[PDB]
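Take a look at this single chain in structure tokens; it is the form solved without this ligand.
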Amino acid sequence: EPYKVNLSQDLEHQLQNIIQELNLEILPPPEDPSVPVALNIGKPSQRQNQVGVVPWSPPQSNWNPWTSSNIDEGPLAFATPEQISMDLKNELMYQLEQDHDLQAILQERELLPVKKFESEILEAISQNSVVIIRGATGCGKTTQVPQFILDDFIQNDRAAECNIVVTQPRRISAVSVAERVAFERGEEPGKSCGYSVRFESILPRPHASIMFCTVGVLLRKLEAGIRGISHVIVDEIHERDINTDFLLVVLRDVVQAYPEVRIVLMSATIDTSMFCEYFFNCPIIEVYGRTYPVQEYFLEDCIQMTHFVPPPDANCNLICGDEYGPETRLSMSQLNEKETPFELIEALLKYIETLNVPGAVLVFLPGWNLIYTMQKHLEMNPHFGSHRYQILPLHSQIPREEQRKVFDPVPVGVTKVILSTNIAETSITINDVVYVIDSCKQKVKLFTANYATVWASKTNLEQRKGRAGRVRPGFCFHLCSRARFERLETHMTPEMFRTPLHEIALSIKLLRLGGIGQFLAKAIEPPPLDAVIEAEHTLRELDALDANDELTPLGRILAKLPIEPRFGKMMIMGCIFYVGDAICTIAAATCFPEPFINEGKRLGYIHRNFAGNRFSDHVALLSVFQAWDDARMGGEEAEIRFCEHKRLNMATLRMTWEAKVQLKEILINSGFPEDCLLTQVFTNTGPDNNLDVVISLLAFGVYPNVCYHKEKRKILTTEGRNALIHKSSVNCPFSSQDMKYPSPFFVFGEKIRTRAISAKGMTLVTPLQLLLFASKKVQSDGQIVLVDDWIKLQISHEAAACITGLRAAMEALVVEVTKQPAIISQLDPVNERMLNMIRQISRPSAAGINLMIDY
């Protein structure tokens, strides 16, 4: 049944007036109501784009390739290549013979499997434009190959002619490796090695230097070209990271027009024929060391040996071999294959210690969520205390201090257990690993108009098995049944086949590489047609691309921003409404976890409070940033005490803050005036129109995530399906479900598809805000308005038509703004009134809502 909307008469007239002034019309109600009318309305030429190549040039002595600028005012300013080379060599020779701690480290370096192949690798790279380096995870490709290359130029008095850029799929990899390589050279990051991820960098010195970076960073720098680089090392190509795949397309055209460049493709033990053929049948340098066999097991076995009994495609736990016992069979059938059996892992750990062979256990799990769950299951049991066990988590989102703990040795008599994601599959190798427990799962992000746990591939299961066979004969415990193993895919589908292409689409256009479809048709494995059509559709709707699929001034800005394009447009809209800072903060916050420390899953009494009365996880977040920033004014310890008092993750806040500042930077440079991006005090209780607008702009950004509240935790999603409010939400009630929301309409940040469907990052919006920014299709029969063919509003046909008219006027202003962003200082009066009407519609009062008194 429809939702009643109580507009005031004065508001009803105001809408009608501004529409009249904007020179728009109210489409009349339909003569026959059974045939409704579309209130949502629509509304250039430039050039055409042919095939182009990204330019290349080798290292120059008067050029810093990492800052992309000249060296005029330095101590190596007008120096000659030879002095630079000779100085850097003598520096190093000296360091080598004096530093006895460094010598020891270099001795460790020289035992790694890859050391053997040093000469073979350097010669190959010397000869051929492209080389593939192939070998097992742990031989030392990532850490050593870039050093081999650098040191080769240094020792041979060519140090000035060597700048190596190394790409990595993941942020934590570019940083960790940069720090590890720096340490192996007795340095801090910032000398010979550096890193550059989104929102964080420690640039290395301009000469004889290695930069580790994520592909996105490298891509976003490429519109200048690949300036002053001699080697491009594309690492971990076998992960089929979509941006790596894309970059490989760019680099193929590069090597073809500039054969003096050196590309180095580095890969785990897979069939690299794909990549070989792609790069003109390039050499393949094989690398290996000693492997020991690993006795692998499956969900059957695990139950057979532990004598486990659980608590009271098709399901593959119902299928078991005859050679297994009756209880094993009956026990395995009790387990649900959508979960990972945490009790069985505990049992397997106990089986391990009865083998009496010391060594670490490596446990593969999908996501932090399960690593935390498994952590608490264990620690809340005497046996797994500090005395017997050291249980360390491993994933992207933990302090780098605790990353390095996984490599540290442990007091003897203590089993080290690493609870890890797939980072520890091929990216990093943990030492003294004899045992592996494998969930056989993956946390991929399938979005089709959103995360999800799926089955890993045979290849994944094979490479997880191999982690336990680098020190002695190992064991691997797969938690999937044997019947499930057979129905597994041989390979994970590459991200290129199942990821949105909007960001790649803009990149192609920013770099003037040609048509989106034409370019992506040259990929080693081109993406599906529909994904290309979706990407093109989505960027035309945003006005990122024009009708000819050419890049607009809006699209250009969205391409320069390291954020999802929709959020990029939301940020420009914020600039227009002079709430830029708040929106940049919301945007920045999307790229990091929640700042809140959720010990218990249910949300605490202090965190709730930051919500105020806005029923908004987003407002909560803005409110902590304001309080954290105030608490910051008393220095480090005040910040520290504020954070662990209020139960917050201080690093998250600093990362988000620094992200924001850079997002603002790119806006400033794009022409937007400083005044629209100042920080603005606000309250989360009283009337605040700035925050009202921020909610409206939030509703635009997170669309199409919209939902309707039934009762308790139950909600409805955009296609009529139902789902739950996530426990982490401020809007989530206790075991007693009394919430009494002044509106049932929320927008949200994430769909978490576990066993159930959960909505995360929920923010209450008014029916008016829904109509304005959080809907596309609006249909009126005169009385009832139908929103995105599932939500039904009983509202004035005239009002709906006007709000829908505003939406379109706003979009139109965005276009004009992005041609000359500075004009927001001096908008014409009608546009000013149009902004003010949006300001007015954003108020809770505008929909007859009052937040200040308890409902």
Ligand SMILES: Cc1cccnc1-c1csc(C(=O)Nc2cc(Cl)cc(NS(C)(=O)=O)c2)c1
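Only the largest set of C-alpha atoms that superpose within 1.5 Å between the two forms is called the rigid core. A residue's number is simply how far along the shown sequence it sits, counting from 1.
FYI, the form deposited with this ligand bound isn't displayed, but the following is about it.
Look at 632-640, 213-221, 521-529, 289-297: in the bound PDB entry, residues with non-hydrogen atoms within 4.5 angstroms of this ligand sit in 213-221. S457 falls outside the set of residues with a heavy atom inside 4.5 Å of this ligand in the bound PDB entry.
In the bound PDB entry, this ligand stays beyond 4.5 Å of every heavy atom belonging to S45. In the bound PDB entry, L513 stays away from this ligand, with no heavy atom inside 4.5 Å. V165 belongs to the set of residues with a heavy atom inside 4.5 Å of this ligand in the bound PDB entry. Contact with this ligand in the bound PDB entry holds for none of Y703, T718 and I791, as no heavy atom of theirs lies within 4.5 Å. Scanning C302, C707, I172, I226 against this ligand in the bound PDB entry with a 4.5 Å heavy atom cut-off leaves one residue, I226. A single residue from the set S825, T67, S34, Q50 has any heavy atom within 4.5 angstroms of this ligand in the bound PDB entry; that residue is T67. Looking at CA displacements between the shown form and the other one with the core superposed, a shift of 2 Å or more is confined, among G325, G190, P673, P399, to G325.
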